[PDB]
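# Results of the structural survey
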Amino acid sequence: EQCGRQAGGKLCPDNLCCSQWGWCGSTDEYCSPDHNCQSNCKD
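Residues numbered from 1 in each chain as written, not as in the entry; some residues may be left out. Heavy atoms only, no water. Residues with missing side-chain atoms left out of burial classes, pairs and counts.

Structure determination for this PDB entry was carried out by X-ray crystallography, with a resolution of 1.70 Å recorded in the header.

### Quick word on the overall build of the chain
Scanning the chain from N- to C-terminus turns up one helix and two strands. Order of helices (α) and strands (β) in the chain, N terminus to C terminus: β-β-α. Summarising its shape, the C-alpha atoms of the chain cover approximately 25 × 20 × 10 Å along the three principal directions. Considering only intrachain contacts with a sequence separation of at least 6, the fraction spanning at least 24 residues in the chain is 11%. (Helix = DSSP H or I, 4+ residues; strand = E, 2+ residues; numbered from the N terminus. Contact = heavy atoms within 4.5 Å.)

### Some points on the side chain of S19
As for its placement among the helices and strands, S19 is situated in the loop between β1 (17–18) and β2 (24–25). When its relative accessible area of 4% is taken as the criterion, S19 is described as buried. The residues touching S19, leaving out its near neighbours within four places in the chain, are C3, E29, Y30, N36 and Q38. (Buried < 20%, exposed > 50% of the residue type's maximum accessible area, 1.4 Å probe, protein only.)

### A closer look at the state of the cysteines
In protein chemistry, a disulfide is the covalent bond that joins the sulfur atoms of two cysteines. Here the structure, examined in full by the defined rule, presents four disulfides. Here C17 is linked by a disulfide to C31, with a sulfur-sulfur distance of 2.0 Å. Taking the sign of the S-S torsion, 100 degrees for the link of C17 and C31, the bridge is right-handed. Pair noted here: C17 is in strand β1 and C31 is in helix α1 (residues 28–31), with a separation of 14 residues, a long-range link. This pair shows no difference in class: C17 is buried, exactly as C31 is. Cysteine pairing for the chain, with bonded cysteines counted in sequence order: 1-4, 2-5, 3-6, 7-8. (Disulfide = S-S within 2.5 Å.)

Below you can see the structure in the form of C-alpha cells.
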C-alpha cells in the first residue's frame, strides 16, 4: 500500500487522493467521501 491507514498514515505524492484501500489516485473511487476516501479528498 502507498497511503492511509494501511500504510500507517503516509500521504500520497502529488496531491493525490488516498482511497479507502490505501492507494493513490485522482478519480471518484479514490477521492469521493462516498468511497471512504482517506486523504486529499474531494467534496
